[PDB]
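*Asks:* Residue numbers (this note's numbering), protein chains in the order written: chain S, 32 to 193; chain B, 5 to 76; chain F, 2 to 223; chain H, 155 to 329; chain P, 132 to 272; chain A, 7 to 102; chain V, 309 to 353; chain W, 35 to 72. Shown below is the structure under consideration.
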Amino acid sequence: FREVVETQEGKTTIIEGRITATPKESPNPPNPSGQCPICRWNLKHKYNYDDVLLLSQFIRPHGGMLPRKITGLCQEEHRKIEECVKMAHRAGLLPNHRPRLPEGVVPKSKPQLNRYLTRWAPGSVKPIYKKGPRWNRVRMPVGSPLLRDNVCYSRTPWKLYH
Amino acid sequence: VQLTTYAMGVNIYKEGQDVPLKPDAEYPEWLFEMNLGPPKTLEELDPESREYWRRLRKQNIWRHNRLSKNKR
Amino acid sequence: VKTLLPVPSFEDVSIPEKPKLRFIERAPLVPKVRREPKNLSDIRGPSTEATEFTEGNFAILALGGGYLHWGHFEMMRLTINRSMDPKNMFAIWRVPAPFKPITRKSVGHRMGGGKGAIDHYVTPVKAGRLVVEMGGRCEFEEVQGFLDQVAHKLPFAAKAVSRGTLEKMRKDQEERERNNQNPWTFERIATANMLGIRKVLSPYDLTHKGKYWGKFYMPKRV
Amino acid sequence: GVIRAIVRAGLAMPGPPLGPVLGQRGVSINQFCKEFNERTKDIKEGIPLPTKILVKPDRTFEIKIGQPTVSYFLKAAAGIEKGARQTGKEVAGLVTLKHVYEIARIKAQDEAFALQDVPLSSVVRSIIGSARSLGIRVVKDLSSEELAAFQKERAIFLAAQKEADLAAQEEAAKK
Amino acid sequence: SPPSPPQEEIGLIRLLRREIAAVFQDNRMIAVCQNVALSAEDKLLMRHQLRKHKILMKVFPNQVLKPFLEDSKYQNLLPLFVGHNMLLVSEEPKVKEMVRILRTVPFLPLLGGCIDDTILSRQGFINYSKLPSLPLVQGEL
Amino acid sequence: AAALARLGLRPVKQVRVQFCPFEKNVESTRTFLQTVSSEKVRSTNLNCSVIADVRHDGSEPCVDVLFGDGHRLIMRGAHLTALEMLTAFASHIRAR
Amino acid sequence: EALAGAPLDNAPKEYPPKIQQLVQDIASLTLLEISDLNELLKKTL
Amino acid sequence: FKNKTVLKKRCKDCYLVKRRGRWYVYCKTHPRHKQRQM
RNA sequence: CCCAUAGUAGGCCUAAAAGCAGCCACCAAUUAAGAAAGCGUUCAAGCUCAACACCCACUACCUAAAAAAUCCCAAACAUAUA
Ligand SMILES: [Mg+2]
Ligand SMILES: [Zn+2]
């Protein structure tokens, strides 16, 4: 990889860009004819928001996302991975990819409202005060619609609004 | 009043003698090949020549100007 | 370098005299004395007239049935005549002047006592009929913009189309029809009276093929 | 900064349009006009001619004199005063290619053509284009053609210009 | 995806190749330099200051400059052409006044070039410029 | 390159860029010379000069900048990219 | 074909070898052939 | 802020942002252009 | 994401109308920039866009949602095989 290190010594700031170690691909990917890493490793429709081992290979050291021109993902898999990583961030997963901040974590907010498959940003969704009639109820989005094509073993489709 | 009026008395031979025009045999020959009346067209022009691409680009600019009247 | 392509030339298109839209009168010169019934079938189903381009290359295509009246005519004519270029574009009507008489009874009237007096006139329009056509030495984008402007204000669904656009829509409809993957078709079931479905369907559904519902047209219905 | 304008050689009065722009620039205008006029006193005609003016922080100005206008030179070689109203459909006069060669050889030493590596061919092409825009007409050889062409054209153009002037007359009457 | 249908070469790049080959064959030496993002008026000011001694300048796209460098004998010129680059086509090789008129602007780098098929760096160019007069060099032996 | 034009490059008094054109890792500092020799970034103040030191045996891109307060900011950019060192230099000049 | 790698002379360590070959051919003899050099090189000069 | 069902930038300095589950058009040059989705 | 030199303040008309008040023409230099597409200007000027040079992630599945009066309204739940 690459990094920038700044050394202040005697009113002189040395700015250096150094190259560090980098992990390569595994020796024998199963489908070398594929285009995306997901297609190459046959992971298409085979990963969820729980697969942090797969998600964290596409994300910045501070919980951010990496661009497609670097990762190599297709447009569809990029959106799938980005939404999955948002849900993983909101689910309390990825503890070491927290946003960087000098001292702002000391005023701890509301305690651990445990949650998962969180689609929207928790601080921007209004309560459902009226719920509508039986034939049109205001449902609650659970999960992401961009994972509707994942492999299903339950013989019943995944429920996205419940 | 003020408006530029310097109108030399152009007679049948005024501008043939007011300035020292040299005989036709003394000017170089490359002067008498210019396209005078109409400008030349794409089909007349060779896709290899640079003026071909200049004219094609002028047509492209005209098309862009025509189209870009309602697009913000 | 960016590769360049020749501009589409216009040396075989001649604009006619009087290029702006003709004034449309609200009522016929000879008013109709006899009052006719509301034969609602003149806006039902597909249009059989004015479905193809005649002289222009752009148009407003109706995607649903409805009645055009003088307010609509004035709106479209004024917007077109104030938004087009007389020297390079010409616009031609494709719907007649309002001729169908709509009668209404006096306000606060009980039911009965004959029909009402003729109040105004309308032009029936079916889905798939071109309403205004446009031609000249211009591309499609400017006319598409200021014609979708007009089409959004029509009493029915409408779009701004061109020759190539309309041909593309028709070819895509045929392609969808042939590559449809389920084996159960409205046409097949309706024509074979499968499940006795004609007790729910209409005699017009044998020809509408499920694509038309009242004065509404579904272009994704196959 | 720079100032782009055209002013007559022997006539530059401390007023509009150079007045307000130079006043907003912040430099004396009488000194500039007197200096310019005394520079161009060496011209025996009083030829309008463009001027590039450059200013520096210490409130003094350096001015570069160029060549006169191709519009002026072409209308002078044509012998007409005003440009044609209907360019392309109406002819403003007749000139020969020797005149445009002379104009090019006398103009190419200005700041807009001697600053580049332009042959006289591209310069005369530019002059021919500006002539077409002006509406004047250029053909190949005019030894015996020009004399008869001038003979007929002076009369027909005087008649047509009188027609245009009376056109302006009834237009000004019908208000 | 199946192999792309390759395009055919256009007249622009074809004649660009022709003229670049012509000026690489007929000329004596070439001086490449960096295309400073400098104003147009001053840019033509230098352009005229260089042409006043009868030496020309040109600018060409890299996407057509590179293949000539790769497939010709001038391969070693390629790795210098990674940015905003221009070339000075100059017959009757004269370097003294070029260096003198480039020294006024210290941000114009002469990244190098060839001198009768002899490619030298910037300091190479300066020490080649410092070479004695050609009649003296000829008469030395 | 409008970032420096808006940030007012006027604190600086001298900048110099050293590189070898015949080396593969000089593009960043070369295009930094390009963006720092721009008309606006240089016309924001006419009391500072830009220097293009050209050598062949150095084999290393480097940048050395000195401004009014006497501080010497050196960034030997051969792995460090143009935009990164650009925003670093801009941040340094706006801090001081 | 190809061209020489062409290094710099601010740190001079290498020089073209065609010069070495020609000098090894010409510069190991007495005045007998130096007279040939002097008489002959000036036929065109 | 003005409520709109369709939002469009009225100048080059208008920018669309997605905040509090809504689409806003924010302009710093002309605060006149501030629009909020409804 | 850059980049805006020129015949030229193209002529006519206009007090002035310079690409941008209205029309006719729309050539033409440099490797590149339209007798000018948006503004903007009293006229100018200062801004873009169209143009070389510079690399080039996509440069976009089109749009297609709203509030009334006593008190929301089953509880819930995305992943063990038709
Ligand atoms: Mg401007
Ligand atoms: Zn705005």
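Just so you know, even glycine gets a beta-carbon here, dropped at the ideal spot from N, CA and C.
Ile99 of chain A: which of A:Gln24, A:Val47, A:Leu15, A:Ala9 sits nearest, CA to CA?
*Replies:* A:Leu15
*Asks:* Buried or exposed: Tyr323 of chain V, going by 16 or more other Cβ atoms within 10 Å of its Cβ?
*Replies:* exposed
*Asks:* Do you know offhand how far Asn31 of chain A's Cα is from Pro222 of chain H's?
*Replies:* The alpha-carbon atoms of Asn31 of chain A and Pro222 of chain H are separated by roughly 53 Å.
*Asks:* In chain order, what residues of the same chain lie with their CB nearer than 8 Å to the CB of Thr44 of chain S, ignoring the 5 residues before and after it?
*Replies:* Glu37, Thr38
*Asks:* Can you say whether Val21 of chain A is buried or exposed, counting buried as having 16 or more other CB atoms within 10 angstroms of its CB?
*Replies:* Its Cβ being crowded by 16 or more others within 10 Å, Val21 of chain A is buried.
*Asks:* Taking DSSP as the reference, what is the three-state secondary structure of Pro172 of chain S?
*Replies:* strand
*Asks:* How big is the Cα-Cα spacing for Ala153 of chain P and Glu199 of chain H?
*Replies:* 49 Å
*Asks:* Taking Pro211 of chain H as the reference, give the member of H:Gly283, H:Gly155, H:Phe304 with the closest Cα.
*Replies:* H:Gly155
*Asks:* Rank S:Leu132, S:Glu108, S:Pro92, S:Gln106 by C-alpha distance to the C-alpha of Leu125 of chain S and give the top, closest one.
*Replies:* S:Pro92
*Asks:* For chain H, is any of its Cβ atoms less than 8 Å away from the one on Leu218 of chain P?
*Replies:* no
*Asks:* At a threshold of 7 Å, does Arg44 of chain W count as lining ligand 2 (C-beta to nearest heavy atom)?
*Replies:* yes
*Asks:* Tell me which residue opens and which closes the beta strand (DSSP E) that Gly136 of chain F is part of.
*Replies:* 131-137
*Asks:* By Cβ distance, which residues of its chain are closer than 8 Å to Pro224 of chain P, with the 5 residues on each side in sequence left out?
*Replies:* Correct list, in chain order: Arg159, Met160, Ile246, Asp247.
*Asks:* Does any C-beta atom of chain F lie closer than 8 Å to the C-beta of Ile141 of chain P?
*Replies:* Closer than 8 Å: yes.
*Asks:* Strictly under 8 Å for the Cβ-Cβ distance: is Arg70 of chain W near chain S by that measure?
*Replies:* no
*Asks:* Would you mind reading off the limits of the beta strand (DSSP E) that contains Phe38 of chain A?
*Replies:* Not the beta strand (DSSP E): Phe38 of chain A falls in the alpha helix (DSSP H), residues 33-42.
*Asks:* Anyone know if the C-beta pair for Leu191 of chain S and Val169 of chain S falls short of 8 Å?
*Replies:* no
*Asks:* Given a limit of 9 Å on CB to CB distance, which residues of the region 28-57 of chain B reach chain P?
*Replies:* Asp50, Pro51, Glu52, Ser53, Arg54, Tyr56, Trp57
*Asks:* Measuring straight from C-alpha to C-alpha, what distance separates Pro240 of chain P and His215 of chain P?
*Replies:* 11 Å
*Asks:* Taking its Cβ as the centre, do 16 or more other Cβ atoms sit within 10 Å of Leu339 of chain V, making it buried, or is it exposed?
*Replies:* exposed
*Asks:* From which residue to which residue does the alpha helix (DSSP H) around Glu178 of chain F run?
*Replies:* 164-180
*Asks:* Count Cβ pairs between the region 135-146 of chain F and the region 87-95 of chain F that sit closer than 8 Å; are there 3 or more?
*Replies:* Put simply, the region 135-146 of chain F touches the region 87-95 of chain F. At least three CB pairs are less than 8 Å apart.
*Asks:* In three-state terms, what does DSSP make of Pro222 of chain H?
*Replies:* Note: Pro222 of chain H maps to coil in three-state DSSP.
*Asks:* Is it buried or exposed for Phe95 of chain A, if we count other Cβ within 10 angstroms and need 16 for buried?
*Replies:* Only buried fits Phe95 of chain A, as 16 or more other CB atoms lie within 10 angstroms of its CB.
*Asks:* On the three-pair Cβ rule with 8 Å, is the region 250-257 of chain P touching the region 190-198 of chain P?
*Replies:* Flag = no, the region 250-257 of chain P and the region 190-198 of chain P do not touch.
*Asks:* Can you check whether the C-beta of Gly255 of chain P is within less than 8 Å of a C-beta belonging to chain V?
*Replies:* yes
*Asks:* Starting from the C-beta of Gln63 of chain B, find all residues in its chain whose C-beta is less than 6 Å away, skip the five residues before and the five after it, and write them out in chain order.
*Replies:* none
*Asks:* Note down, in chain order, each residue of its chain lying with its Cβ closer than 8 Å to the Cβ of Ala191 of chain F, except the 5 sequence neighbours on either side.
*Replies:* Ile198, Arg199, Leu202, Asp206, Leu207, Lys210, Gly211
*Asks:* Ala314 of chain V versus chain P: which residues are under 7 Å apart at the beta carbon?
*Replies:* Those are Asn207, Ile250, listed as they occur along chain P.
*Asks:* Between which residues of its own chain and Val254 of chain H is the CB-CB distance below 6 Å, once the five residues before and five after are set aside?
*Replies:* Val278, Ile281
*Asks:* Please give me, in chain order, every unbroken run of the beta strand (DSSP E) with length at least 3 that falls completely inside the region 243-299 of chain H.
*Replies:* none
*Asks:* Which residues in chain F sit within 8 Å of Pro192 of chain P, going by Cβ to Cβ distance?
*Replies:* By Cβ distance, chain F contributes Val2.
*Asks:* Beta-carbon separation of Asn191 of chain H and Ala166 of chain H under 8 Å?
*Replies:* yes
*Asks:* Which stretch, first to last residue, makes up the beta strand (DSSP E) that contains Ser221 of chain P?
*Replies:* Start and end: 216-221.
*Asks:* Using three-state DSSP, classify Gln106 of chain S as helix, strand or coil.
*Replies:* helix
*Asks:* Determine whether the beta carbon atoms of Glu45 of chain A and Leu181 of chain P lie at a separation below 8 Å.
*Replies:* no
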